[PDB]
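In this text, residue positions in the sequence shown follow the entry's author numbering: the first is 193, and each later residue adds one. We treat Cβ as the ideally placed atom computed from N, Cα and C, and that holds for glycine.
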Amino acid sequence: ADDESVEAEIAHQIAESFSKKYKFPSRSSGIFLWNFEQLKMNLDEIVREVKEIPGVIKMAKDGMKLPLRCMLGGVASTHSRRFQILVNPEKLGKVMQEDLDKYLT
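In structure tokens, the structure reads:
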């Protein structure tokens with residue numbers, strides 16, 4: 193029950209912000225906007241992917257608000273060549289790590 197309990201909590205939070213534009217560091221400079229919707233991946237695939245991200249399962253377990261921008265950044269940088277070309281991968285690694293450190297303290 194708990195595993196479906198955790199997945200439902202993840203899926204709920206992503207569904208709720210599915211179109212919310214988050215900021216990511218541009219390959220040029222500055223930022224660009226991106227949302228889960230632009231992945232063109234179904235919600236179940238996304239939820240499965242973000243479980244692989246450190247801390248996401250634990251935070252979901254505690255009913256915490258999840259670091260959706262970081263999670264979007266992880267799935268997108270793996271699966272979307274569009275996002276891969278738009279993004280500065282070095283800076284994205286730092287932003288994701290900064291997001292996780294903040295949410296996990």
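Check your understanding: DSSP three-state call for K294: helix, strand or coil?
Key -> Taking the first residue of the sequence shown as 1, we reach residue 294 at position 102. Helix, per DSSP.
Practice item. Using the Cα positions of residue 166 and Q230, report the straight-line distance between them to the nearest angstrom. Key: Outside the modelled stretch of the chain, which goes from 193 to 297, sits residue 166, for which no answer is possible.
**Study point:** First and last residue of the uninterrupted beta strand (DSSP E) at residue 303
**Key:** With the chain represented from 193 up to 297, any question about residue 303 goes unanswered, as that position is not in the structure.
Review point. With DSSP run on the structure shown, which of helix, strand or coil describes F210?
Key: For the purposes of this step, residue 210 is taken as the residue at position 18 of the sequence shown. Coil.
Review point. What's the gap between the Cα of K286 and the Cα of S197?
Key: Numbered from its first residue, the sequence shown carries residue 286 at position 94. Numbered from its first residue, the sequence shown carries residue 197 at position 5. Going by the C-alpha atoms only, they are around 30 Å apart.
Review point. Thinking C-beta only, is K243 closer than 8 Å to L225?
Key: Residue 225 sits at position 33 when you count from the first residue of the sequence shown. Residue 243 sits at position 51 when you count from the first residue of the sequence shown. Taking 8 Å as the Cβ cut-off, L225 and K243 do not qualify as a contacting pair.
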